[PDB]
């Protein structure tokens, strides 16, 4: 019915997934460039060389965001456009692109939200260890520092990392994402070093910044596939490994015991210095929610030894994700009790359904996506009613984008992208969304 007053309504993107032009104006290549251009590593070999050509069209996209009545825009910064070597020399053409992006955002009345790391680590720092090298903490702060020094007054809500769990589990445990590593020993190393970079960036911001800084995690609730002891233990083990592995350190609760249990010899406790530098007090927290997981035990999938079980009669999306809006409510209230009264922004939520390649008549009819949006907005409202102090909502995504190694076949946008012509077309999802913003949910 009605959301809190001054609730921030926006949409979310990420640098590599929309920008394209990965090497223009002296930008250093990222791990995702090397990844998508080596054969065999992605579904159809689709790259982000063009994506949505957003790099050249940010003015048209910002005008479109004004047309849709958006109040916030959540984007990420391509580190390689800032420091082509990841360290040292700073090419200010890319830095200027980001500063102009924020300028145009702010002169259309839109509050810019910046993700400093959203998976596109420069290849130069991969060459020097990537997220295996602990010097990454320093390399992150110097990156973050520069960004603050340029736009901290205008960008006023910063996030350090986007979904560290997807970063590690896909990039370092199963090699499904850049930089394609498959090693049980590496995943916890990269997890710790990600959190250390996070803490170092928060400290750098506290010395240099005046506004807000936080972190973005994905959360996927867990349910046992049966009431077997092994299915139940698998569900709790996935829940710890996925939901708690990163929020507990950030909030100074150490790391879950299931890290040790799951990884065995591959695990080591963090030192009190590591934990101390990770647990830096932050201003806000961003939660990315899409679905729940109903977990079954599978000895064949170590180290976690859990697998997903499809629910019969349940609805799934083009990514195999169950429509389970109740988990969003559960997630937000859970975050509240476990971690405190920190303000919460839903930094990602949405769905992917089978849309045609182009729009006819200037319309793109996506009733399933509209339905998902309604259910989950009501779920957010139910959470806020239950005491959850949520201050914003970011629909993933603003535009149909690349979606990493799954390629352009999976469309998350409320605005349709005709990828052959870069034609923007607001879907029915987007029109309902702007009705939601102008009424602040009353239409629901």
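Numbering follows the first chain given and starts at 1.
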| property | result |
| --- | --- |
| Of 100-108 and 161-169, the stretch whose C-alpha atoms average the higher B-factor in the entry | 100-108 |
| Mean temperature factor over C-alpha atoms, higher-scoring stretch between 212-220 and 148-156 | 148-156 |
| Most elevated Cα B-factor in the entry, residues 350, 340, 179, 129 | 340 |
| For residue 238, the third of its chain into which the C-alpha B factor falls | lowest |
| Residue 324 - Cα temperature factor, lowest/middle/highest third of chain | middle |
| Residue 26, C-alpha B-factor rank within chain (lowest, middle or highest third) | highest |
| Residue 299 - Cα temperature factor, lowest/middle/highest third of chain | highest |
| Ranked against its chain, the third holding the CA B-factor of residue 74 | middle |
